[PDB]
């Protein structure tokens, strides 16, 4: 609807698995640059990392000092481990569920950065948990690095229109985030 958003919650779900070793710097830069472009307290963001497990590195916050510290932490991430992306979505869903209980109309947006190199069962669990996120009200974007398959990530994201490569995705999502911020109450 045309109803404004009382909240804007941005959840970064970040692949730090072994396979993205040579792409972590561009994953980090993507996140850092969106953060530095949108410094308004109207936008809250969370940093979630995943490899062998999914962990909330920084819980959802409007506080730019906490965001600064979270980004410093992200810059120091050492890629390694498996690619259990579904746990990244679990970390988002847990937070979205809690936020829902506050009763605000929120643009709950997920940006998942990954190379899409997920083993069969892991992809299945990821699609399941992404659907779970959507059930809680989330809009899911997937930004692919390296040799990601767009159709594969389109099962994680809301649609194929919600899937971008890293460089194109940065420009596209900057516009989307701007639009959502203009649509804030």
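Positions refer to the first chain, counted from 1.
J.: Mean C-alpha B factor from the entry: is it higher for 87 to 95 or for 74 to 82?
T.: Comparing 87 to 95 with 74 to 82, the higher average CA B-factor belongs to 74 to 82.
J.: Which has the higher mean CA temperature factor in the PDB entry, 44 to 52 or 133 to 141?
T.: It is 133 to 141.
J.: Among the choices 58, 154, 118, 31, identify the one whose CA B-factor in the record is greatest.
T.: Of 58, 154, 118, 31, 154 has the highest C-alpha B-factor.
J.: Per the entry's values, where does residue 14 land by CA temperature factor relative to the rest of its chain, in the lowest, middle or highest third?
T.: Tercile = lowest for this residue's CA B-factor.
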